[PDB]
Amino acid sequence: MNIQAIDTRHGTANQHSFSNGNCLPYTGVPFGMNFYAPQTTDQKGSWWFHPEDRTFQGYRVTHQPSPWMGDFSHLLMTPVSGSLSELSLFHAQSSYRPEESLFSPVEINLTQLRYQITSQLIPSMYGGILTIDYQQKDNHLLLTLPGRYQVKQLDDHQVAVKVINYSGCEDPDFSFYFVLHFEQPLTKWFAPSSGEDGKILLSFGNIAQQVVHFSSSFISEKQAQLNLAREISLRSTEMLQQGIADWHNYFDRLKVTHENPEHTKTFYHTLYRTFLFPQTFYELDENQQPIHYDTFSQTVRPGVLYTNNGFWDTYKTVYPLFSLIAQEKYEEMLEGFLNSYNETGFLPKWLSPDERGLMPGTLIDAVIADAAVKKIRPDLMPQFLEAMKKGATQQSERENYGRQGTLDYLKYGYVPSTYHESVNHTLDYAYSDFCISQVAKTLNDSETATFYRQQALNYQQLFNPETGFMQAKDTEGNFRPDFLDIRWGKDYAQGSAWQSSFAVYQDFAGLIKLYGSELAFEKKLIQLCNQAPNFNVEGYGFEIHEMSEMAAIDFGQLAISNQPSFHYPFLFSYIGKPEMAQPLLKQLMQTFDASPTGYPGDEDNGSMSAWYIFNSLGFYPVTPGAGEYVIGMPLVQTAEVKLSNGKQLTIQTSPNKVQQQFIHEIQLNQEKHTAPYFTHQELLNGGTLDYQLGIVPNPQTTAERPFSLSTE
């Protein structure tokens, strides 16, 4: 699909109480340092765009990854005509007709009805071009400069801005530089000025058209001017062509077709949201050397840096997809994440722009381990192992960094119930320990590999054979009483025992043994899927959107609206019964579409988009760090996958209509494939992946199972 037909209002119909993706209409280049979006309201906090709004407050320069993290280093540009007594966003706001507007990754185009202005914003990595067509005779641009700001007019054609605003930052004076070069001159001089919450009305007089070339920096005003100088000669049409080519570079790596073209539209909307995050957070100096801002030391440092990622979300799907088709990006992003460690002492958890420390676990360990077993940045793995061992053995004095209850986990083999979300912390630490083990193994550090492989079995500490759930446990080894299987929070993050008891990616075979048998585990999975989507709110004291999103649909406790349940259909693959989940996976993919209500829950910076892409192709990385993809049920009829190693994997299904809900047979390069998984190596060889599909199941009797520590 051509990038101009992607509508960025996909997944934007949200509020605090209910998510259909909690996406913004991000205009930008892939991994752009800034994104650009219309702002329709300043009265709904982080939810500053709604597709049903008919009000336009301005073009917002944003770094907002989610409404939960909020924004950093934002400002607005608002075309105006005539006098304005008061410069507030409300006083300057114009209605607009959404149905006559363009919302695309490479272009925003809309008409402010109040002013008879039509304007067009095209993005670049560090800036963009805003073209403004005026019908009236006293023509302006309003700059809204939140937080502490500085602004000056350098000449008739040049303005420079600095803003200090953020939701959370280690640097209380965290600064963003923004420069504007105008084709048509300013007709009113103003003196350099500074303040809080700036409202600056630039004047151009009676011109029909203004063209604003803008750029930006987290380094300096001088760096922002160099970023601009690199593209100042481009026309809007040339910058648009370049931005379309940048997106085509990534879109061309997954060319797919479907029986239903609605499914193809959904695919490419999700693919657009797979190459936004993490955002570029470095610039190239006068010598083309990567530099970035280090909020910890409050200085400019050398090297790459990336931002706007919660690894709790993105480790699931984004980095595994990059491992197949964007290895060059994965390689540079790992270098940034290590720089984050170099600068703070701990591998990053939630970057926006710097460590915000939200969500359980240090799932960055899975991004590292998956890369190690796939031979991505082997050069960095000794530095990563040292970083991982430090996180697994040393408690940070600052609450947002590394592991919580590190020392108690080492003493007890679990985080005790006195800690918040102890079950998640425990299971995330045991999976991290598997990940550390895998990195050690790739480096032939046998002693480290062995110790961490044993630590990875600590999930067994919270398994209650009496209930068949993971439950919180006190320092004397007693399960918290008054257990209710559907009670959310307290011991579990954003779920009940049902959304929390299966985070054992390292050893499903061992979790299955705790149940007693492949059959007793099967019974639990059937009960998880086939029950009503009931919840109890006591752990929170109120209903939260993740509960509402599960209870909105009839898929039992398989809460596809949130990351904890993402792997659930694949659990059937660990008892040799993948056929039980093939229909379920096609039914789950139908909860996605290209509309403003198009996701079942928070998209989270590529995480749920890449869930959809992988499942569309029919395989899924259950266990980052194992070098495998568990087989599911494809929705495509064809895919040409351009692998980073330069080979092509061509996928072909038999006719893949609604009634096709099972896999009959798979041939990989004309050889019957019976295993319920593919190795990463197998897919990297390229060739032909043929799925013969069925209207009834073809049960396999193969003993073959995906990776588990306890059986390797």
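A residue's number is simply how far along the shown sequence it sits, counting from 1.
- A summary of the deposited B-factors shows that, of 205-213 and 404-412, the stretch with the larger mean C-alpha value is 404-412.
- Stretches 134-142 and 593-601 differ in mean C-alpha B factor, with the higher average recorded for 134-142.
- Going by the entry's values, 235 shows the largest Cα B-factor out of 148, 235, 269, 114.
- The top Cα temperature factor in the record, among 560, 610, 529, 388, falls on 388.
- The deposited CA B-factor of residue 637 belongs to the middle third of values across its chain.
- When the modelled residues of the chain are ordered by C-alpha B-factor, residue 373 sits in the highest third.
- Ranked by Cα temperature factor within the chain, residue 253 sits in the middle third according to the deposited record.
- When the modelled residues of the chain are ordered by C-alpha B-factor, residue 692 sits in the middle third.
- Split the chain's modelled residues into thirds by C-alpha temperature factor. Residue 548 is in the lowest one.
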